[PDB]
Amino acid sequence: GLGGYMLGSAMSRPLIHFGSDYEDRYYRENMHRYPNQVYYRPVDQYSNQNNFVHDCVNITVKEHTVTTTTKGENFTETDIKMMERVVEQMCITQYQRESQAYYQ
């Protein structure tokens, strides 16, 4: 479904304050199961905030869920919600840097 998308490189994993005491370690002991990259298109044009950050998250999550599920690797509702949040922060980070470079 991609055709003309680009995946960004291995990046900073934003630590997420769930505040549920398990997740302070579950998000560590399995941090490598959750993406450390973001799949999108270059900043270029249509430069959004929230529309972009959601489309970015959606595409990244959707790519990841398929790749794992086809390697026989599943995710719980928490595992998905963790990606949905973390990938927003990661995507915002990449964007804020790239957007700076663009508009410097």
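Every residue number used here counts from 1 along the chain in the order it is shown.
If you check the header, you will see the structure was determined by solution NMR.
Yeah, the Cβs are placed from backbone N, Cα and C, and that goes for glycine too.
Pulled from Swiss-Prot, these are the features on record:
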type     : residues    : note
DISULFID : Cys56-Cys91 : disulfide bond
CARBOHYD : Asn58       : N-linked glycosylation site
CARBOHYD : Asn74       : N-linked glycosylation site
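Distribution of Swiss-Prot features across the structure.
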{"residue": "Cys56", "record": "disulfide bond", "CB count, 10 Å": "23"}
{"residue": "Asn58", "record": "N-linked glycosylation site", "CB count, 10 Å": "13"}
{"residue": "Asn74", "record": "N-linked glycosylation site", "CB count, 10 Å": "10"}
{"residue": "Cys91", "record": "disulfide bond", "CB count, 10 Å": "23"}
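Between the C-alpha atoms of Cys56 (disulfide bond) and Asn74 (N-linked glycosylation site), the distance comes to 21 Å. A gap of 23 Å separates the Cα atoms of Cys91 (disulfide bond) and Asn74 (N-linked glycosylation site).
The separation of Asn58 (N-linked glycosylation site) from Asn74 (N-linked glycosylation site), Cα to Cα, is 17 Å.
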